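Text of coords05.txt (compact mmCIF, C-alpha atoms) as supplied:
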# COMPACT_ATOMS: atom_id res chain seq x y z
CA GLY A 1 -80.32 13.17 27.27
CA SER A 2 -83.59 11.25 27.23
CA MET A 3 -84.90 11.37 23.66
CA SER A 4 -86.37 7.97 22.78
CA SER A 5 -84.00 5.61 20.93
CA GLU A 6 -81.18 8.11 21.43
CA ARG A 7 -77.71 6.99 22.50
CA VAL A 8 -74.23 8.42 22.66
CA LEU A 9 -72.28 7.01 19.72
CA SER A 10 -69.49 4.56 20.68
CA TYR A 11 -66.59 3.36 18.53
CA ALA A 12 -64.40 0.39 17.56
CA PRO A 13 -60.68 0.25 16.89
CA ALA A 14 -60.18 1.20 13.24
CA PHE A 15 -57.86 -1.63 12.20
CA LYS A 16 -56.34 -4.90 13.34
CA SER A 17 -52.65 -5.26 12.48
CA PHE A 18 -51.06 -8.28 10.81
CA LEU A 19 -47.30 -7.92 10.33
CA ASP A 20 -45.89 -10.61 8.03
CA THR A 21 -42.43 -12.09 8.59
CA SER A 22 -41.39 -10.24 5.43
CA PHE A 23 -42.09 -6.90 7.13
CA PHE A 24 -39.61 -7.61 9.90
CA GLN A 25 -37.06 -9.01 7.43
CA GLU A 26 -37.18 -5.79 5.42
CA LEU A 27 -37.04 -3.75 8.62
CA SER A 28 -33.90 -5.68 9.61
CA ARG A 29 -32.21 -5.11 6.27
CA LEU A 30 -33.00 -1.39 6.30
CA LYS A 31 -31.86 -0.93 9.90
CA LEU A 32 -28.34 -2.03 8.93
CA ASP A 33 -28.19 1.14 6.79
CA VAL A 34 -29.03 3.55 9.62
CA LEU A 35 -27.03 2.28 12.60
CA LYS A 36 -25.44 5.71 13.12
CA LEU A 37 -28.86 7.25 13.68
CA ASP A 38 -30.68 7.36 16.99
CA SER A 39 -34.06 7.04 15.29
CA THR A 40 -35.76 7.23 11.91
CA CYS A 41 -39.24 7.71 10.47
CA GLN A 42 -39.94 5.95 7.17
CA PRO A 43 -43.22 6.21 5.22
CA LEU A 44 -45.30 3.08 4.70
CA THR A 45 -48.28 2.37 2.47
CA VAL A 46 -50.85 -0.36 2.96
CA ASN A 47 -53.77 -1.13 0.67
CA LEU A 48 -57.03 -1.81 2.49
CA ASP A 49 -59.51 -4.38 1.20
CA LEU A 50 -62.85 -3.30 2.66
CA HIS A 51 -64.80 -5.76 0.48
CA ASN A 52 -63.29 -8.98 1.85
CA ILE A 53 -63.25 -8.62 5.63
CA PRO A 54 -63.40 -12.02 7.40
CA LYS A 55 -66.70 -12.69 9.21
CA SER A 56 -64.66 -13.33 12.36
CA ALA A 57 -63.17 -9.83 12.22
CA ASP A 58 -64.35 -6.70 14.04
CA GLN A 59 -62.55 -4.30 11.70
CA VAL A 60 -60.47 -4.29 8.52
CA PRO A 61 -57.09 -6.06 8.71
CA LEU A 62 -54.03 -3.90 8.21
CA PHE A 63 -51.50 -6.09 6.41
CA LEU A 64 -47.86 -5.09 6.59
CA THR A 65 -45.19 -6.77 4.45
CA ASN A 66 -41.79 -6.02 2.94
CA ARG A 67 -43.77 -4.30 0.19
CA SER A 68 -45.19 -1.75 2.64
CA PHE A 69 -41.84 0.06 2.48
CA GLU A 70 -42.25 0.59 -1.29
CA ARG A 71 -55.90 -3.70 -6.52
CA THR A 72 -59.43 -2.97 -7.71
CA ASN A 73 -61.47 -0.96 -5.18
CA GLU A 74 -58.66 -1.13 -2.58
CA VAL A 75 -58.02 1.95 -0.46
CA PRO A 76 -54.43 3.15 0.03
CA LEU A 77 -53.58 3.99 3.63
CA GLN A 78 -50.47 6.03 4.43
CA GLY A 79 -48.50 5.59 7.63
CA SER A 80 -44.94 5.36 8.88
CA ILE A 81 -42.61 3.39 11.07
CA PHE A 82 -40.49 5.09 13.71
CA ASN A 83 -37.53 2.85 14.44
CA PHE A 84 -35.56 3.40 17.63
CA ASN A 85 -31.94 2.27 17.70
CA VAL A 86 -31.59 2.92 21.44
CA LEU A 87 -33.56 0.39 23.48
CA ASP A 88 -33.97 2.71 26.47
CA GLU A 89 -35.52 5.40 24.29
CA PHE A 90 -38.01 2.93 22.84
CA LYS A 91 -38.90 1.61 26.30
CA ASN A 92 -39.26 5.06 27.86
CA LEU A 93 -41.09 6.74 24.97
CA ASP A 94 -44.05 8.77 26.24
CA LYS A 95 -46.65 7.03 24.13
CA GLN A 96 -49.41 9.55 24.86
CA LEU A 97 -47.28 12.51 23.82
CA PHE A 98 -46.06 10.61 20.74
CA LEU A 99 -49.54 9.71 19.54
CA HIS A 100 -50.66 13.28 20.24
CA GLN A 101 -47.95 14.57 17.87
CA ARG A 102 -49.15 12.12 15.21
CA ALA A 103 -52.75 13.27 15.78
CA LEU A 104 -51.80 16.95 15.44
CA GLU A 105 -50.27 16.15 12.04
CA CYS A 106 -53.53 14.46 11.03
CA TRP A 107 -55.52 17.43 12.37
CA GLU A 108 -53.42 19.96 10.46
CA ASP A 109 -53.84 17.94 7.27
CA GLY A 110 -57.53 17.40 7.91
CA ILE A 111 -58.52 21.05 8.29
CA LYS A 112 -57.14 21.60 4.79
CA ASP A 113 -58.53 18.37 3.31
CA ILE A 114 -60.76 16.19 5.48
CA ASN A 115 -59.70 13.14 3.49
CA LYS A 116 -56.10 13.39 4.66
CA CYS A 117 -56.67 13.00 8.41
CA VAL A 118 -56.27 9.19 8.45
CA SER A 119 -53.00 7.41 9.16
CA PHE A 120 -51.25 4.72 11.16
CA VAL A 121 -47.91 4.57 12.91
CA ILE A 122 -45.62 1.81 14.11
CA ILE A 123 -42.98 2.30 16.79
CA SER A 124 -40.31 -0.37 16.84
CA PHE A 125 -37.12 -1.66 18.31
CA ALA A 126 -35.41 -4.40 16.34
CA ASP A 127 -32.95 -6.54 18.30
CA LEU A 128 -31.01 -7.90 15.34
CA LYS A 129 -28.66 -9.83 17.63
CA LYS A 130 -31.55 -11.80 19.14
CA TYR A 131 -33.86 -11.68 16.11
CA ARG A 132 -36.57 -10.21 18.36
CA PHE A 133 -38.81 -7.38 17.22
CA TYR A 134 -40.79 -5.19 19.61
CA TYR A 135 -43.49 -2.90 18.27
CA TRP A 136 -46.71 -1.09 18.83
CA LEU A 137 -49.24 0.01 16.24
CA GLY A 138 -51.18 3.21 16.71
CA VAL A 139 -53.98 4.82 14.72
CA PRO A 140 -54.23 8.48 15.75
CA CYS A 141 -57.86 9.23 16.58
CA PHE A 142 -58.68 12.71 17.82
CA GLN A 143 -61.76 14.16 19.48
CA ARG A 144 -61.73 17.96 19.41
CA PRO A 145 -63.27 19.45 21.44
CA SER A 146 -62.45 16.70 23.88
CA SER A 147 -65.76 17.26 25.67
CA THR A 148 -68.09 17.20 22.67
CA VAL A 149 -69.91 13.92 22.18
CA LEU A 150 -72.36 12.74 19.53
CA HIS A 151 -75.93 11.78 20.38
CA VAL A 152 -77.56 9.64 17.70
CA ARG A 153 -80.72 7.75 16.86
CA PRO A 154 -81.35 5.51 13.86
CA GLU A 155 -82.64 7.05 10.63
CA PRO A 156 -83.60 4.14 8.34
CA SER A 157 -85.37 6.53 5.95
CA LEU A 158 -81.90 7.28 4.55
CA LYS A 159 -81.01 3.65 3.74
CA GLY A 160 -81.69 4.13 0.03
CA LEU A 161 -78.50 6.20 -0.19
CA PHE A 162 -76.22 3.36 0.89
CA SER A 163 -75.73 1.67 -2.48
CA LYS A 164 -74.86 4.95 -4.21
CA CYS A 165 -72.41 5.84 -1.44
CA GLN A 166 -70.82 2.39 -1.74
CA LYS A 167 -70.25 2.93 -5.44
CA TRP A 168 -68.98 6.50 -5.01
CA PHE A 169 -66.44 5.28 -2.44
CA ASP A 170 -65.38 2.41 -4.72
CA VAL A 171 -64.61 4.86 -7.53
CA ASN A 172 -63.13 7.55 -5.30
CA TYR A 173 -60.56 5.33 -3.61
CA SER A 174 -58.58 8.26 -2.12
CA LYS A 175 -61.63 9.64 -0.31
CA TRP A 176 -62.90 8.86 3.18
CA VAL A 177 -65.89 11.24 3.21
CA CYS A 178 -68.60 12.41 0.87
CA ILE A 179 -71.66 14.62 1.27
CA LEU A 180 -74.92 15.44 -0.44
CA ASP A 181 -75.13 18.74 -2.29
CA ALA A 182 -78.25 20.91 -2.26
CA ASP A 183 -79.99 18.72 -4.83
CA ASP A 184 -78.99 15.36 -3.27
CA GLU A 185 -76.08 14.61 -5.61
CA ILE A 186 -73.16 12.79 -3.93
CA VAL A 187 -70.11 15.04 -4.07
CA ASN A 188 -66.75 15.55 -2.38
CA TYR A 189 -66.76 17.14 1.05
CA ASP A 190 -66.88 20.93 0.85
CA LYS A 191 -67.22 22.85 4.10
CA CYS A 192 -69.47 25.51 2.51
CA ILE A 193 -71.89 22.94 1.10
CA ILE A 194 -72.14 20.72 4.19
CA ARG A 195 -73.03 23.70 6.39
CA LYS A 196 -76.27 23.93 4.38
CA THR A 197 -76.97 20.32 3.44
CA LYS A 198 -75.93 18.66 6.70
CA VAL A 199 -75.58 15.14 5.33
CA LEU A 200 -72.16 13.45 5.72
CA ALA A 201 -71.18 9.88 4.74
CA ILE A 202 -68.04 8.17 5.99
CA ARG A 203 -66.13 5.17 4.65
CA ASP A 204 -66.19 2.92 7.71
CA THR A 205 -63.52 0.37 8.65
CA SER A 206 -65.42 -1.36 11.47
CA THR A 207 -67.73 -4.36 11.09
CA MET A 208 -69.18 -4.13 14.60
CA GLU A 209 -72.97 -3.74 14.58
CA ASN A 210 -73.97 -0.09 15.12
CA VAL A 211 -70.42 0.83 16.19
CA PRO A 212 -68.35 2.76 13.66
CA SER A 213 -64.59 3.02 13.47
CA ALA A 214 -62.89 5.40 15.88
CA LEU A 215 -61.61 7.24 12.79
CA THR A 216 -65.13 8.73 12.80
CA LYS A 217 -63.86 10.95 15.61
CA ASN A 218 -61.29 12.54 13.27
CA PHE A 219 -63.86 13.40 10.65
CA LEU A 220 -66.32 14.79 13.21
CA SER A 221 -63.58 16.91 14.74
CA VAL A 222 -62.82 18.42 11.34
CA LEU A 223 -66.54 18.93 10.70
CA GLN A 224 -66.92 20.87 13.96
CA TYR A 225 -63.96 23.08 13.14
CA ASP A 226 -65.36 23.77 9.68
CA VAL A 227 -68.95 24.38 10.84
CA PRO A 228 -68.81 25.49 14.52
CA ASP A 229 -72.54 26.25 14.78
CA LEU A 230 -73.60 22.83 13.49
CA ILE A 231 -75.72 20.96 16.04
CA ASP A 232 -77.97 18.54 14.13
CA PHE A 233 -77.01 16.64 10.97
CA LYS A 234 -77.29 13.25 9.28
CA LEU A 235 -74.39 10.81 9.41
CA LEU A 236 -74.14 7.76 7.13
CA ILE A 237 -71.77 4.97 8.16
CA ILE A 238 -70.96 3.23 4.88
CA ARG A 239 -69.70 -0.34 4.71
CA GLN A 240 -69.05 -2.56 1.69
CA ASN A 241 -71.03 -5.34 3.37
CA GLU A 242 -74.73 -5.29 4.31
CA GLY A 243 -74.09 -3.39 7.52
CA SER A 244 -74.21 0.30 6.61
CA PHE A 245 -76.40 2.42 8.86
CA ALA A 246 -77.69 5.98 9.04
CA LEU A 247 -77.82 8.22 12.07
CA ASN A 248 -79.78 11.28 13.04
CA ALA A 249 -76.96 13.07 14.85
CA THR A 250 -76.60 15.84 17.42
CA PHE A 251 -73.40 17.37 18.84
CA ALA A 252 -73.49 18.12 22.58
CA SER A 253 -70.93 19.23 25.13
CA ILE A 254 -70.49 17.55 28.51
CA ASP A 255 -68.57 20.60 29.75
CA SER A 256 -62.17 29.38 22.07
CA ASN A 257 -59.25 26.97 22.27
CA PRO A 258 -60.69 23.49 22.90
CA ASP A 259 -58.60 20.55 24.06
CA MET A 260 -57.97 17.54 21.84
CA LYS A 261 -58.38 14.05 23.24
CA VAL A 262 -56.17 11.52 21.47
CA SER A 263 -56.29 7.74 21.51
CA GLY A 264 -55.69 4.79 19.21
CA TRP A 265 -52.87 2.53 20.38
CA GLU A 266 -53.69 -1.07 19.46
CA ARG A 267 -54.28 -3.47 22.35
CA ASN A 268 -52.60 -6.87 22.60
CA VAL A 269 -54.29 -10.29 22.58
CA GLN A 270 -54.74 -10.02 26.35
CA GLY A 271 -56.67 -6.79 25.89
CA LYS A 272 -53.91 -4.72 27.49
CA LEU A 273 -52.01 -1.69 26.25
CA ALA A 274 -48.59 -3.16 25.66
CA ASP A 275 -46.26 -3.64 22.71
CA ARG A 276 -46.10 -6.94 20.91
CA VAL A 277 -42.99 -9.05 20.44
CA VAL A 278 -42.18 -11.19 17.43
CA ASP A 279 -39.33 -13.65 17.87
CA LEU A 280 -37.82 -14.93 14.62
Exercise: express the given structure as structure tokens:
Amino acid sequence: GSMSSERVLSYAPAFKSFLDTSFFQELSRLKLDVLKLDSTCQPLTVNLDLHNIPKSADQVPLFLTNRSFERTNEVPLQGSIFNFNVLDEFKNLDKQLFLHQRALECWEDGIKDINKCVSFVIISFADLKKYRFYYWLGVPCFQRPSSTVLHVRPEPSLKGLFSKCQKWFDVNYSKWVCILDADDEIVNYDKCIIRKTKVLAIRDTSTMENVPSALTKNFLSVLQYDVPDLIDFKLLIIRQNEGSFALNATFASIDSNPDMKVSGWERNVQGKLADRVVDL
């Protein structure tokens, strides 16, 4: 396209993982109870603090501790850990196929309730003999159709809505999305309202200037499924800092059973796609 001030929206990784020693200690203890199993999936819960993100950070920290296996304004995030008791299976796991499965779960949940399409997953092998723990964190982010992108330009005339959205999100800690109804009241997402009102606000987890979390992809994929003829709409990226921004948005295709593009494995310190090792 060539509209002035228009760009294709780009994204940032949703979270940065911090796994405390206590997480691995609990993992070790629990593994001893499942040695006869080839693999297990156990639910995890982390509470996100979107109000106190370090200035040095690019996105909200995801803190995992022993307690993850079990405050004000915090946002609960559900995930799971898949533990592999056979090293060869962990090493040879098809990580694209695996994250695609996780994304399809999120998609299936999301088309029933858009607020339930967010998760994280850890894959792990715990070498209890050597006290070494190998893992990889993924956040399933899905773009469906794979070939539909979002063109945006700034819309600062909407900035007055930011403070109200901040407060709504604070109160509604289980929600990732809200919309305006026909009379500009902030309400829960409803696919029959949004088709008319065309204003969507998202609880963002990125702090990068003008670059929302990749989770935005999930919500936009659900939106397209719910309202297939939607082209133009307004998108508010809401942050609990000073950095919220509003976008005049337009779906376009660069190319009905559309493909789903999935991504979201966390990169290592070197910027590569590889699992991390913690040696205790």
Quiz prompt | Nearby residues (only C-alpha atoms) at most 8 Å from region 245-250 of chain A, same-chain spacing under 5 positions excluded, as a ChimeraX atom specification | solution = /A:150-156,158-159,210,231-238
Quiz prompt | 7 Å contact set for residue 38 (chain A), only C-alpha atoms, chain neighbours under 5 positions out, as a ChimeraX atom specification | solution = /A:84-86
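Nearest to residue 243 (chain A) of all the residues A:162, A:107, A:24, A:134 is A:162, counting only C-alpha atoms.
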Quiz prompt | Å distance separating CA of residue 278 (chain A) from CA of residue 20 (chain A), one decimal place | solution = 10.1 Å
Exercise. Write out as a ChimeraX atom specification which residues come within 8 Å of residue 217 (chain A) when counting only C-alpha atoms, dropping same-chain ones fewer than 4 positions away.
Key: /A:141-143,221
For the residues in that selection, give me C-alpha atoms as a PDB file, in the coordinates of the input.
ATOM      1  CA  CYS A 141     -57.860   9.230  16.580  1.00  0.00           C
ATOM      2  CA  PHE A 142     -58.680  12.710  17.820  1.00  0.00           C
ATOM      3  CA  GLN A 143     -61.760  14.160  19.480  1.00  0.00           C
ATOM      4  CA  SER A 221     -63.580  16.910  14.740  1.00  0.00           C
TER       5      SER A 221
END
Practice problem: Tell me, as a PyMOL selection string, which residues lie within 12 Å of residue 168 (chain A), counting all atoms listed in the file; anything in the same chain fewer than 4 positions away does not count. | Solution: chain A and resi 73+161-164+172-180+185-188+201-203+238-240
Quiz item: In Å to one decimal, how far is CA of residue 23 (chain A) from CA of residue 216 (chain A)?
Solution: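 These atoms are spaced 28.4 Å apart.
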Exercise. Counting all atoms listed in the file, write as a list in words all protein and nucleic acid residues lying at most 10 Å from (-71.6, 25.7, 8.8) in the file's frame.
Key: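 Nearby residues: residues 191, 192, 193, 194, 195, 196, 197, 198, 223, 224, 225, 226, 227, 228, 229, 230 and 231 of chain A.
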Residues from last step as file, C-alpha atoms, as an mmCIF file, in the frame of the given file:
data_model
loop_
_atom_site.group_PDB
_atom_site.id
_atom_site.type_symbol
_atom_site.label_atom_id
_atom_site.label_comp_id
_atom_site.auth_asym_id
_atom_site.auth_seq_id
_atom_site.Cartn_x
_atom_site.Cartn_y
_atom_site.Cartn_z
ATOM 1 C CA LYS A 191 -67.220 22.850 4.100
ATOM 2 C CA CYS A 192 -69.470 25.510 2.510
ATOM 3 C CA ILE A 193 -71.890 22.940 1.100
ATOM 4 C CA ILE A 194 -72.140 20.720 4.190
ATOM 5 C CA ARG A 195 -73.030 23.700 6.390
ATOM 6 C CA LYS A 196 -76.270 23.930 4.380
ATOM 7 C CA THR A 197 -76.970 20.320 3.440
ATOM 8 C CA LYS A 198 -75.930 18.660 6.700
ATOM 9 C CA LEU A 223 -66.540 18.930 10.700
ATOM 10 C CA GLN A 224 -66.920 20.870 13.960
ATOM 11 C CA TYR A 225 -63.960 23.080 13.140
ATOM 12 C CA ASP A 226 -65.360 23.770 9.680
ATOM 13 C CA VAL A 227 -68.950 24.380 10.840
ATOM 14 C CA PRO A 228 -68.810 25.490 14.520
ATOM 15 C CA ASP A 229 -72.540 26.250 14.780
ATOM 16 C CA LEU A 230 -73.600 22.830 13.490
ATOM 17 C CA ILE A 231 -75.720 20.960 16.040
#
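Residue nearest residue 80 (chain A) within the list A:267, A:121, A:272, A:47: A:121 [criterion: smallest interatomic distance, only C-alpha atoms].
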Quiz item: From the set A:253, A:56, A:213, A:5, which residue has the shortest atom-to-atom contact distance to residue 147 (chain A), counting only C-alpha atoms?
Solution: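 Counting only C-alpha atoms, the residue closest to residue 147 (chain A) is A:253.
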Can you report as AutoDock Vina command-line options the centre and edge lengths in Å, to one decimal, of an axis-aligned box around the listed atoms of region 167-183 of chain A padded with 8 Å on each side?
--center_x -69.3 --center_y 11.7 --center_z -2.2 --size_x 37.4 --size_y 34.5 --size_z 26.7
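Among the candidate residues A:183, A:39, A:70, A:132, the one lying nearest to residue 93 (chain A) is A:39, with distances computed using only C-alpha atoms.
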Quiz item: From the set A:200, A:137, A:220, A:273, which residue has the shortest atom-to-atom contact distance to residue 79 (chain A), counting all atoms listed in the file?
Solution: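 Under the stated criterion, the closest residue is A:137.
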Practice problem: Between A:19, A:252, A:117, A:208, single out the one closest to residue 277 (chain A), counting all atoms listed in the file. | Solution: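 Answer, going by the shortest atom-to-atom distance: A:19.
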